[PDB]
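Participant: All I have is the shape, not the residue letters:
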Ligand SMILES: Nc1ncnc2c1ncn2[C@@H]1O[C@H](COP(=O)(O)OP(=O)(O)OP(=O)(O)O)[C@@H](O)[C@H]1O
Ligand SMILES: [Zn+2]
């Protein structure tokens, strides 16, 4: 920080954790069972992979994302399986509704509308409602275990 | 080399209670067959037996004694066979190889599809194969290797576990064997039907890691409660959709991106309105109000819309969706408490008699010595095996009594809440003083 | 017994750390950890002097 660049001093802020015991305990609430959290994240990734496979096999067209290109306004994000997996894992996980929010809105006249509805409901109930809540439940359980100990 | 050492190794001691409720010590020779019991089965029996209603673990061990003897016989027979024994001894290696192959295959398909420690070394070899032969041939080779490793692993598993000893019906009953068969079928499908099927093998991670299995149990333990809560949410959504269709049909206007009007009414029919609510309102944080057309204060029904939106947000979204999470947290807490209680009982009590460790403090015989020598359960298993194998004409007094109790399906011969070292010395001293 | 002079050099922070850090063994006694740390405590007394 003194020589290389002034920004490096920001790292020293982490020393707060060392100084305060309460913050250290709060962090231990996560670090104590970090393996469980990582395994839950891997399970979420596997579920996202399966959902992306299903979408690429059947729902390739609906994966249209608007792009603000620097100086077409939409792009297909399911041409390749890897790109579809990335799009799902990013948008669906970062969106409260799920992957359905980014997907093109279907019309009741469309023959595949019930399939889209079922897919969106399954993704919301499985990937978002449970696993993301499972991580929080693990954190709460770790808190309780630490307090009891 | 040392006669005393050999005699000590092959001699066991147990404690029994006669019909007169008097403790007695029996010293017997260890049957040779008992030497064939594997350590994995011993650990499984120790860490799996569950306390009965009375709180004693004796009944489960007595029930499993026969299966333990059969497993000893099977292990001796297997040891008679060198190659099959060697294959069985390395089941974990085969499982690890299969898991790594499946993970690498899944990574390759995910990264490249559509197309057309030693682990770093395997990764380098796989990368070289991909660069040289291409994605297709490398995936085919990896799938063939995975299939071969899986058949070897299944053979080793059936050999080591000896589930066939119980019976073919028993082997079919076992869930692990069926899971392995399904894994083999999925691997075959991936090799032949389509490369995507290999993704299913990723689920094997749950089987490999115990922490992930416990996390999933956090949901599976009370899945019925979660499903009933979801059904209650569906009923509430149905009632809200009925109300909306009866009164708020117009506000249900949804924009649609038709493939090559920009808005459509989604409440013309009750079923369509129910679907629209159950999808958008549940998937939207705000609730059903977010999709509904924005009302204007000038409109006469604006207060009704405000009340409807607030009720939907406070009832359907705030509570029920939070009720599911609360159920999950409660299940987590219950599982943690159960595990803690089981661990404490296992590490602070005697398996055979249930006496607490604190009872043995400040005494000649410590709890560690008591469990190790005086009240070892493996000694009881060996004695049961000896009684079964030994000829009736050669039965001694205590052996005859134990055989009669076993035949009569009785279990009082096991000592319960009684240790000779604990109280016999003090009782003898008191009796001497009284005399 | 008489208290050795070296023992007077033990610092209070180390005493508090030992009291609040020792963990019960399998038998449930804290004696073993204190016995193990006795040598380090003596060395710390020498260093403090
Ligand atoms: N009745 C019992 N109550 C509690 N723990 C028990 C009981 N019987 C056995 N154990 C424990 O189960 C394990 C079995 O002990 P065991 O005597 O088989 O040990 P080992 O070292 O494998 O044997 P050895 O060295 O005598 O060949 C040990 O952890 C022992 O403490
Ligand atoms: Zn005992």
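Facilitator: Arrived safely. Numbering: from 1, shown residues only, chains lettered A, B, ... in the order given. Ligands and ions are numbered 1, 2, ... in the order given.
Participant: beta partners of residue A:75?
Facilitator: residue A:65 (DSSP bridges).
Participant: OK, contacts around it?
Facilitator: Residue A:75 sits next to A:64-67 when contact means Cβ atoms under 8 Å, 6 or more residues apart in numbering or on different chains. Using the backbone N, CA and C atoms, a C-beta is placed for each residue, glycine as well.
Participant: next one: residue A:49
Facilitator: A:85, B:106, B:110, B:199, B:202.
Participant: circling back: can I get the contacts of residue A:75 in CSV with neighbour count?
Facilitator: Listed next are the contacts of residue A:75 as CSV, based on neighbours: other Cβ atoms under 10 Å in any protein chain shown:
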residue, neighbour count
A:64, 15
A:65, 14
A:66, 9
A:67, 10
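Participant: Also near ligand 2: which of the contacts of residue A:49, exactly?
Facilitator: Checking these against ligand 2 by Cβ under 5 Å from the ion, not one of them is in range.
Participant: Okay, buried residues for the lengthiest helix in chain A please.
Facilitator: Assignment by DSSP state H gives helix A:34-58 as the longest helix of chain A. Under the neighbour-count criterion of 16 or more other Cβ atoms under 10 Å in any protein chain shown, helix A:34-58 has A:36-37, A:39-40, A:43-56 buried.
Participant: ok, now which ones touch the residue most central in space within chain A?
Facilitator: Nearest to the geometric centre of chain A sits residue A:93, at 3.1 Å (Cα atoms, centre = their mean). Residues near residue A:93 by Cβ under 8 Å, 6+ apart: A:44, A:48, A:127-128, A:132.
Participant: how about TSV for those, with distance to ligand 1 added?
Facilitator: Formatted as TSV, the contacts of residue A:93 follow (distance: Cβ to the nearest ligand atom, whole Å):
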residue	distance to ligand 1
A:44	38
A:48	43
A:127	43
A:128	45
A:132	41
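Participant: What is the most widely separated pair among those residues?
Facilitator: A:48 and A:132 (11.7 Å; Cβ to Cβ).
Participant: Tell me how far residue A:91 lies from ligand 1.
Facilitator: Distance of residue A:91 to ligand 1, computed by Cβ to the nearest ligand atom, to the nearest Å: 52 Å.
Participant: do the same with residue A:21
Facilitator: 37 Å.
Participant: Run through the helices of chain A in chain order.
Facilitator: Using DSSP H, the helices of chain A run over A:15-19, A:21-31, A:34-58, A:81-87, A:93-94, A:113-123, A:132-148.
Participant: picking up where we left off before, from the chain's centre, how far out does the longest helix of chain A sit?
Facilitator: 10 Å (Cα atoms, centre = their mean, to the nearest Å).
Participant: Run a quick check on residue A:17 versus residue A:27, I expect a contact.
Facilitator: Yes - using Cβ atoms under 8 Å, residue A:17 is in contact with residue A:27, at 6.4 Å.
Participant: Say whether chain B is contacted by stretch A:102-120.
Facilitator: Yes - against chain B, stretch A:102-120 shows contacts by Cβ under 8 Å from any Cβ of the partner chain at A:104-108, A:110, A:117, A:120.
Participant: and the end-to-end length of that stretch?
Facilitator: 11 Å (Cα to Cα, to the nearest Å).
Participant: Equivalent analysis for stretch A:69-79, please.
Facilitator: 19 Å.
Participant: wait, what's in contact with residue A:89?
Facilitator: A:45, A:48, A:52.
Participant: same question, residue A:41
Facilitator: residue A:135.
Participant: That one and chain B: what is the separation?
Facilitator: Here the criterion is Cβ to the nearest Cβ, to the nearest Å. By it, residue A:41 lies 10 Å from chain B.
Participant: do the same with residue A:90
Facilitator: Residue A:90 sits 15 Å away from chain B, going by Cβ to the nearest Cβ.
Participant: With residue A:79 instead?
Facilitator: For residue A:79 relative to chain B (Cβ to the nearest Cβ), the value is 9 Å.
Participant: same question, residue A:85
Facilitator: Taking Cβ to the nearest Cβ, one finds residue A:85 at 6 Å from chain B.
Participant: Find me whatever residue is spatially closest to that residue, sequence neighbours aside.
Facilitator: residue A:52 (4.2 Å; Cβ to Cβ, 6 or more residues apart in numbering or on different chains).
Participant: now swap in residue A:56 and tell me
Facilitator: Once flanking residues are discounted, residue A:56 sits nearest to residue A:84: 4.8 Å by Cβ to Cβ, 6+ apart.
Participant: Ok, residue A:7 next?
Facilitator: Nearest to residue A:7 is residue A:1, by Cβ to Cβ, 6+ apart, at 7.8 Å.
Participant: Contact partners for the one you found?
Facilitator: Neighbouring residues of residue A:1 by Cβ under 8 Å, 6+ apart: A:7-9, A:11-12.
Participant: in chain A, what residue is nearest chain C?
Facilitator: Closest contact between chain A and chain C, by Cβ to the nearest Cβ, is at residue A:149 (11.1 Å).
Participant: What's the separation between that residue and ligand 1?
Facilitator: 24 Å.
Participant: go on, residue A:125?
Facilitator: 45 Å.
Participant: same deal with residue A:2?
Facilitator: To ligand 1, residue A:2 is 58 Å away according to Cβ to the nearest ligand atom.
Participant: residues in contact with that residue?
Facilitator: Listed by Cβ under 8 Å, 6+ apart, residue A:2 has no contact partners.
Participant: give me phi/psi at it?
Facilitator: phi -60, psi -40 (degrees, to the nearest 10).
Participant: Compute the number of surrounding residues for residue A:62.
Facilitator: The number of residues packed around residue A:62, counting by other Cβ atoms under 10 Å in any protein chain shown, is 22.
Participant: no, scratch that, I was asking about residue A:73
Facilitator: As a measure of burial, residue A:73 has 7 neighbours, counting by other Cβ under 10 Å.
Participant: likewise the one 5 residues further on?
Facilitator: Neighbour count for residue A:78, taken as other Cβ under 10 Å: 22.
Participant: Hmm, it is touching residue A:84, no?
Facilitator: Yes - in this structure residue A:78 lies within contact range of residue A:84 using Cβ under 8 Å: 3.9 Å.
Participant: and for these two, which residues touch both?
Facilitator: Counting by Cβ under 8 Å, 6+ apart, the residues touching both residue A:78 and residue A:84 are A:52, A:55-56, A:60, A:63.
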